[PDB]
Amino acid sequence: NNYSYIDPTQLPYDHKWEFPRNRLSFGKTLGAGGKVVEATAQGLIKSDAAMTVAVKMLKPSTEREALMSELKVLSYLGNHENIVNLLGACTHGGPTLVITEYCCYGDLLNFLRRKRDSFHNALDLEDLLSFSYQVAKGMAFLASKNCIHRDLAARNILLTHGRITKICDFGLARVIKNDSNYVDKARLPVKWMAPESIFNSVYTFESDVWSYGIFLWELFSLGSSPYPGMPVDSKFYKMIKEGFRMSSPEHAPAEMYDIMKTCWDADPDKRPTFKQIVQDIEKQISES
Ligand SMILES: c1ccc(-c2cc3cc(-c4cn[nH]c4)cnc3[nH]2)cc1
């Protein structure tokens with residue numbers, strides 16, 4: 001048909017975000033997975049002070065576009081408390097850079113790992129509930145803007161001041177207004193992917209929820225690797241398709257495990273929505 005919902009992520013880069021590279025000074029390397037580095041940015045404030053930011057870059061081609069992808073998606077979504085904030089981008093004379101909010105504690109996965117012994121500036125059950133709650137809200141927001149993240153995991157969740165969680169790395173994110181599915185034609189997070197994504201290459205709101213389930217398992221297991229000791233081979237894919245699922249992690253309240261189980265239903269339609277998840281966790285928090 002000749003009649004289309006316009007996808008904002010496919011529109012041209014809006015130079016409202018453009019930022020002079022002269023006004024950036026690169027610090028330490030912050031991650032590699034491209035790479036992000038800490039920097040100070042002049043002129044982002046009305047009073048014209050310097051502020052600390054995180055800049056996402058590439059090394060000297062599909063990752064070239066994945067960065068442009070991530071940028072247009074962030075630009076499209078706008079600002080939310082539970083998403084890494086886009087602050088600007090450099091696209092002129094030089095390599096493409098993406099400036100975003102700096103999260104002082106880094107990824108949630110290594111945070112839970114550092115804090116694993118201190119558990120029970122320590123960690124306790126109420127923090128993990130909060131992380132549950134915030135991440136589901138950030139996800140419910142993406143779903144509200146017809147966006148699927150497609151790489152939901154503890155490694156892609158940053159923790160900032162105030163124990164606030166932010167979703168980051170939108171390289172694989174898509175906007176699914178026109179079609180109810182998304183079919184892909186790269187390297188992928190198998191142990192976080194829904195079956196229909198592995199077997200038929202389809203991605204939907206329901207497949208993000210599946211990833212959210214695996215994330216909870218990461219979360220209540222204090223940063224343990226999914227399907228521990230299980231290599232990604234033929235043995236793995238069968239067990240998935242036959243219906244086998246991880247068991248409850250050590251510190252997961254029974255009703256939080258019930259949420260993982262419904263996120264892992266082979267039937268996408270029997271999975272809950274992020275809207276429903278946010279309601280569930282909110283009631284669990286109240287009863288305390
Ligand atoms: C210690 C070590 C590392 C960090 C840290 C990582 C990180 C990553 C992003 C990021 C932006 N886009 N994608 C990812 C932002 N801030 C960060 N901060 C903080 C304390």
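*Asks:* I keep staring at the domain arrangement of the protein and nothing clicks. Help me out?
*Replies:* Interface size is commonly expressed as the accessible area that is lost once the parts come together. As far as domains go, the protein holds domain 1 (8-100) and domain 2 (108-281). Domain 1 and domain 2 are separated by 26 Å when their C-alpha centres are compared. With 16 residues of domain 1 at the interface, the matching set in domain 2 holds 18 residues. Overall, the association of domain 1 and domain 2 removes approximately 1500 Å² of surface from exposure, summing both partners, and the carbon and sulfur fraction of that is 60%. Summed over the three residues of domain 1 that lose the most area to domain 2, namely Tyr76, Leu77 and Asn82, the buried surface amounts to 37% of that side. Taken together, the links from domain 1 to domain 2 amount to 1 salt bridge. Of the charged contacts, one joins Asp169 and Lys56 as a salt bridge, the two residues approaching to 2.5 Å between their closest N and O atoms. Counting across the domain 1 and domain 2 interface gives 10 residue pairs in polar contact. The biggest single contributor to the side of domain 1 that touches domain 2 is helix α1 (residues 62-77), with 7 residues. Counted by class, the side of domain 1 that touches domain 2 contains 7 nonpolar, 6 polar and 3 charged residues.

*Asks:* Just to check I follow, could you spell out the pairing of strand β7 (residues 157-160) for this structure?
*Replies:* In summary, the side chains of a regular strand alternate between the two faces of the sheet. With burial as the criterion, each face of β7 is covered, one bearing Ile157 and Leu159 and the other bearing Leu158 and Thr160. Across 4 bridges, the pairing between β7 and strand β8 (residues 164-167) is antiparallel. Paired with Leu159 across the two strands is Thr165, which belongs to β8. Joining the antiparallel neighbours β7 and β8 is a turn of 3 residues, in which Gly162 adopts a positive phi near 90°.

*Asks:* When you look at the packing of helix α5 (residues 205-220) against helix α7 (residues 254-263) in this model, what are you seeing that I'm missing?
*Replies:* Helix packing for two helices is described by the angle between their axes and how far apart those axes are. It is at 8 Å that the axes of α5 and α7 come closest, and there the two elements cross at 145°. In the packing of α5 onto α7, the handedness of the crossing is left-handed. From α5, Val209, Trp210, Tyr212, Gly213, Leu216, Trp217 and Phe220 reach across to α7, where they touch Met256, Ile259, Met260 and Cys263. Split by residue class, the contact of α5 with α7 holds 10 nonpolar, 1 polar and no charged.

*Asks:* Where do I start with the side chain of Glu18 in this structure?
*Replies:* Assignment of secondary structure puts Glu18 in the segment before β1 (24-32). As a buried residue without a salt bridge, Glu18 has its nearest oppositely charged side chain in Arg21, at a separation of 6.0 Å. Among the polar contacts listed, one links the side chain of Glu18 to the side chain of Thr91, at a separation of 2.3 Å. There is a polar contact of 3.3 Å between the side chain of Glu18 and the side chain of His92. Beyond its immediate chain neighbours, meaning those up to four positions away, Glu18 contacts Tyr13, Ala89, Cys90, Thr91 and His92.

*Asks:* Explain the sheet that holds β1 here, please?
*Replies:* Where strands meet in a sheet, backbone hydrogen bonds hold them as pairs that are either parallel or antiparallel. Here 5 strands make up an open sheet; going across it, the order is β1-β2-β3-β5-β4 and the pairing antiparallel. Edge strands, defined here as strands with exactly one partner in the open sheet, are β1 and β4 (86-90). On average, each strand axis in the sheet is inclined to that of its neighbour by 30°, with strand direction left out of account. As defined by bridge partners, strand β2 (residues 35-42) adjoins strand β3 (residues 50-57) across 8 bridges and the pair is classed as antiparallel. Across the sheet, residue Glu38 finds its bridge partner in β3, namely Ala54. Docked against the sheet, α1 engages β3, β4 and β5 (97-100), running at close to 140° with respect to β4.

The rules behind these values
Residues numbered from 1 in each chain as written, not as in the entry; some residues may be left out. Heavy atoms only, no water. Domains from an automatic or database assignment. Contact = heavy atoms within 4.5 Å. Buried area = accessible area lost by both parts, 1.4 Å probe. Salt bridge = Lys/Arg side-chain N within 4 Å of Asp/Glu carboxyl O. Polar contact = N/O pair within 3.5 Å; in protein donor to acceptor, adjacent residues only side chain to side chain. Helix = DSSP H or I, 4+ residues; strand = E, 2+ residues; numbered from the N terminus. Nonpolar A, V, L, I, M, F, W, Y, C, P; charged D, E, K, R; others polar. Buried < 20%, exposed > 50% of the residue type's maximum accessible area, 1.4 Å probe, protein only. Pairing = 2+ DSSP bridges. Axes fitted to C-alpha atoms, helices over the stretch in contact; angles between N-to-C directions. Left-handed = near helix turned anticlockwise from the far one by under 90°. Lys, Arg positive; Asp, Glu negative; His and termini not counted.

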